[PDB]
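The structure appears right after this line, and notes come after that.
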Amino acid sequence: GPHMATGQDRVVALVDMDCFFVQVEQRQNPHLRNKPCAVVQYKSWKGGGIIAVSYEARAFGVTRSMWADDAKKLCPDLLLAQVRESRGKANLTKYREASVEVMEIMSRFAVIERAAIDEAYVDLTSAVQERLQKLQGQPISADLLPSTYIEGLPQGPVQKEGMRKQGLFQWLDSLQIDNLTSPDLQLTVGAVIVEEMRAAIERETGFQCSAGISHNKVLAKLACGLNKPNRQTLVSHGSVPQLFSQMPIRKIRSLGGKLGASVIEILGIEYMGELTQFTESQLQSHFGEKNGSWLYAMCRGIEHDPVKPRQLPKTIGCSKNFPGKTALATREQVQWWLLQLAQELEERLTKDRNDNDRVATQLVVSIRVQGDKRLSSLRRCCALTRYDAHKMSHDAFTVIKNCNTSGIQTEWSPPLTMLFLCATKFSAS
DNA sequence: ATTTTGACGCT
DNA sequence: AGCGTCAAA
Ligand SMILES: [Ca+2]
Ligand SMILES: [Mg+2]
Ligand SMILES: [Mg+2]
């Protein structure tokens with residue numbers, strides 16, 4: 001009752017760019033705008049692998065991971081843009097730079113946590129308080145929320161936009177605008193701010209995005225996906241029981257893999273809401289102390305993970321796969337590709353040092369051997385003392401050379417199916 | 001023969 | 001330290 005926390009103490013948003021790499025390419029090439037199109041890496045093998053897909057193309061069934069040749073069977077007029085290749089490998093610089101554009105705009109509004117190349121969490125609690133003080137009891141107009149959905153509404157006693165407006169009207173009609181401590185009002189002001197933030201992103205970059213607004217990161221992330229693209233969704237604390245009552249467990253962030261499968265298998269449930277019937281101790285007994293407490297609160301819509309103040313990636317990495325017959329089988333091959341990776345890494349590190357006043361101090365080398373299901377077969381670290389590609393490639397070879405079983409120095413066995421260099425452990429400079 | 005990435009947890 | 005999990009385009 002009066003002491004039961006309800007996880008309504010924060011306003012958190014998650015902003016996620018729509019079909020991000022596709023929008024980057026469509027901004028650059030107006031011929032691709034408003035078309036079924038996809039972004040692909042490589043082209044020799046089956047037309048290249050698709051990594052991003054416009055919503056027009058998704059209507060034909062085109063998805064990520066599809067070979068372009070196969071996507072063309074579903075969508076013969078599909079347009080394609082290719083990821084840049086440099087030093088023999090795909091190079092994602094254009095998308096990293098577009099990401100910086102968006103992150104820098106979002107940072108003007110509030111502290112953000114960079115969650116991926118195209119998404120960030122926003123802690124809006126303080127901004128909401130400020131805006132509520134500015135508003136001075138003034139009601140919030142639907143015109144301030146032109147792309148907002150209120151999850152769960154409309155309810156009670158045939159076009160998409162009509163339903164959105166009906167739900168928003170029910171919500172705003174029911175709000176108590178004089179209570180500055182009302183969580184629902186705080187979320188609503190949050191959504192007003194997010195409309196402003198999304199408008200700024202689109203104005204200043206050309207890119208559209210979706211967003212979720214709720215009381216914590218997990219619900220904000222879930223909310224964001226409910227009405228893509230180019231829309232935002234408010235998930236209130238009160239919407240949680242109905243929302244979770246038919247929500248597959250795997251849809252909640254962190255439960256899409258083995259742990260989620262085990263929750264389903266061990267407990268014999270399917271939906272997030274069903275978790276409420278277990279005690280905290282029961283959940284801890286199956287999934288561990290940390291996961292158990294997290295599940296117990298999360299299934300009630302409560303999560304405390306903070307929006308971390310971090311706009312920049314914590315690592316800078318470069319990797320290449322060598323699938324099937326292309327696996328690296330000679331020492332020379334391994335050294336040449338380590339050099340290519342190290343040259344890209346050097347370029348990115350030097351730019352990072354100039355832009356962000358920091359230097360990486362550890363180099364992580366990872367390889368995969370043909371026959372291993374795991375992404376990485378072996379990982380070794382060494383000191384990163386100079387931004388020099390020849391030194392980094394030599395040091396990586398030094399730390400992995402003993403993995404070569406082959407009695408012949410010139411041959412590498414078992415062949416390598418992946419090389420990965422990652423700069424970590426940044427210090428101020 | 002998806003590939004190329006991050007962030008963080010466990011021991 | 002080195003390995004595993006989960007998530008992005
Ligand atoms: Ca996205
Ligand atoms: Mg994303
Ligand atoms: Mg996606």
Side-chain angles (χ1 to χ4, degrees), chain A residues 14 16-25 38-54 63-71 81-86 89-96 98-99 102 113-121 207 217-218 221 224-225 250-262 287-291 294 305 308 310 312-324 326-327 341 344-345 348 362 364-367 370 372 374 376-382 399-400 417-425:
Chain A
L14 183 276
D16 180 89
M17 307 307 295
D18 298 329
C19 52
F20 185 49
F21 288 14
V22 165
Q23 290 197 84
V24 177
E25 297 294 335
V39 172
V40 296
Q41 295 184 308
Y42 306 119
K43 213 72 183 67
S44 63
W45 185 271
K46 296 177 177 291
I50 291 172
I51 60 173
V53 186
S54 79
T63 67
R64 169 172 301 128
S65 86
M66 203 164 266
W67 298 116
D69 284 351
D70 293 334
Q82 292 181 250
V83 176
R84 173 182 179 177
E85 288 179 47
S86 301
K89 64 182 293 302
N91 185 294
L92 306 171
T93 300
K94 186 194 304 183
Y95 316 108
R96 291 193 185 98
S99 175
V102 173
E113 179 183 340
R114 180 199 198 271
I117 195 159
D118 87 321
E119 71 203 77
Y121 294 96
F207 303 144
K217 293 162 71 180
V218 164
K221 174 63 169 168
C224 184
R250 64 180 178 273
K251 302 299 184 178
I252 287 63
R253 196 199 77 190
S254 84
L255 301 181
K258 296 178 179 186
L259 171 63
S262 74
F287 312 112
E289 181 182 319
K290 187 171 172 179
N291 285 334
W294 183 87
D305 186 37
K308 296 183 176 56
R310 183 186 57 81
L312 304 169
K314 293 189 75 196
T315 57
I316 296 181
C318 303
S319 80
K320 181 141 184 46
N321 294 349
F322 303 98
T326 72
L341 296 177
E344 178 184 333
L345 185 59
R348 286 165 57 194
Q362 183 178 78
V364 174
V365 187
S366 177
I367 66 178
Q370 199 154 53
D372 191 331
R374 306 171 295 168
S376 164
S377 297
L378 183 133
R379 251 168 297 160
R380 292 292 190 263
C381 59
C382 65
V399 304
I400 73 167
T417 52
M418 177 276 287
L419 296 177
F420 186 12
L421 297 181
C422 186
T424 70
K425 297 193 184 310

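So you know, we letter chains A, B, ... as the sequences are listed, proteins then strands, and number each from 1. All heavy atoms count here, side chains included; hydrogens, waters and symmetry mates do not.
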What is the nucleic acid contact for A:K94, judged by heavy atoms within less than 4.0 Å: base, sugar-phosphate only, or nothing? nothing

Could you tell me whether A:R380 contacts a base, only the sugar-phosphate backbone, or nothing, with contacts defined as non-hydrogen atoms closer than 4.0 Å? sugar-phosphate

Quick test of the criterion, 5.5 Å between centres and less than 30° between planes. Is A:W45 stacked on B:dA1 or not? yes

Does B:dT5 have its OP1 or OP2 closer than 4.0 Å to a side-chain nitrogen or oxygen of A:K89? yes

Of all residues at least two apart in sequence or in a different chain, which pass the side-chain hydrogen bond (donor to acceptor under 3.5 Å, both in side chains) check with A:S86? A:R84

Over how many whole Å does the gap from A:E289 atom CD to B:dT11 atom P extend? 12 Å

For B:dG6 and A:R310 - does any side-chain N or O of the residue sit under 4.0 Å from the phosphate oxygens OP1/OP2? no

Using OP1 and OP2 only, check whether a side-chain N or O of A:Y95 sits under 4.0 Å from B:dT4. no

B:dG6, OP1 or OP2 - any side-chain N/O from A:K314 closer than 4.0 Å? no

A:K46 near the nucleic acid: base, sugar-phosphate alone, or nothing, with a heavy-atom cut-off under 4.0 Å? nothing

Rounded distance in Å - NZ (A:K221) to P (C:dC6): 16 Å

Given B:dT3, B:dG6, B:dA1, which nucleotide is nearest the side-chain atoms of A:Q41? B:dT3

Rounded distance in Å between the P positions of C:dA9 and B:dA1: 25 Å

Tested for ring-ring contact (aromatic ring centres under 6.0 Å, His included) against A:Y95, the lone hit among A:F20, A:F207, A:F21 is A:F21

Any A:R114 side-chain N or O less than 4.0 Å from OP1/OP2 of B:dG6: no

Could you give the CZ-to-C1' distance, from A:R379 to C:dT5, as a whole number of Å? 10 Å

Looking at the base of B:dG6, is there any donor atom on it, or on the side chain of A:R96, that sits under 3.5 Å from an acceptor on the other one? no

Using atom CZ of A:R84 as one end and atom P of B:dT5 as the other, report the distance to the nearest whole Å. 13 Å

Look at the side chain of A:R348 and decide which nucleotide, out of B:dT5, B:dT4, B:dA7, has an atom nearest to it. B:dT5

Just to be sure I understand the rule, does A:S65 reach a base, reach only the sugar-phosphate, or reach nothing, if contact means heavy atoms closer than 4.0 Å? base

Give a yes or no answer on whether the side chain of A:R348 reaches the backbone of A:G317 with a donor-acceptor pair at less than 3.5 Å. yes

Taking the side chain of A:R374 as its heavy atoms from C-beta onward, which of C:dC3, B:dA1, C:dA9 lies nearest to it? C:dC3

Distance, rounded to the nearest Å, where A:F420 contributes CZ and C:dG4 contributes P: 15 Å

Between the side chain of A:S366 and the main-chain N/O of A:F420, is any donor-acceptor distance below 3.5 Å? no

Specify the separation, in whole Å, of atom CZ of A:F322 and atom P of B:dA1. 14 Å

Could you work out, with salt bridge (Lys or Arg N to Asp or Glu O under 4.0 Å) as the rule, every residue matching A:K217, not counting sequence neighbours? A:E113, A:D305

Between A:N91 and A:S44, which has a closest nucleotide on DNA chain B that is more 5'? A:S44

Select one nucleotide: of C:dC6, C:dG4, B:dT5, the one nearest the side-chain heavy atoms of A:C318. B:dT5

Starting from P on C:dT5, measure out to CZ on A:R253 and report it in whole angstrom. 18 Å

Contact class for A:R250 (heavy atom, under 4.0 Å): base, sugar-phosphate, or nothing? nothing

Of the nucleotides B:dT5, B:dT2, C:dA9, which has the atom closest to the A:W67 side chain? B:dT2

So what does A:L259 touch, heavy atoms closer than 4.0 Å: a base, only the sugar-phosphate, or nothing? sugar-phosphate

Presence of A:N321 side-chain N/O under 4.0 Å of B:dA1 phosphate oxygens OP1/OP2: no

Under 4.0 angstrom, heavy atoms only, what part of the nucleic acid is A:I51 near: base, sugar-phosphate, or nothing? base

Are A:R64 and C:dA7 close enough that a side-chain N or O sits under 4.0 Å from OP1 or OP2? no

With a 4.0 Å cutoff (strictly under), does any side-chain N or O of A:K258 reach OP1 or OP2 of C:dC6? no

Proximal nucleotide (of B:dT4, B:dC8, C:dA9) relative to the A:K308 side chain: B:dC8

Which nucleotide in the set C:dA1, B:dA1, C:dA8 lies at the smallest distance from any side-chain heavy atom of A:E119? C:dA8

So, A:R64 side chain and A:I51 main chain: donor-acceptor pair closer than 3.5 Å or not? yes

Students often mix this up, so state it plainly: with edges at 30° and 60°, are the rings of A:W45 and A:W67 parallel, tilted or perpendicular? perpendicular

When rounded to whole Å, the CE to P distance for the pair A:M66 and B:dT3 reads 16 Å

Before giving the answer on side chain to side chain contact (heavy atoms under 4.5 Å, CB included), spell out for A:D372 and A:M418 the whole-Å C-alpha distance, their side-chain angles and the decisive distance to 0.1 Å. CA-CA 11 Å; A:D372 191 331; A:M418 177 276 287; over 6 Å; no

Just to confirm, is there a sub-4.0 Å distance from OP1 or OP2 of B:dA1 to any side-chain nitrogen or oxygen of A:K43? no

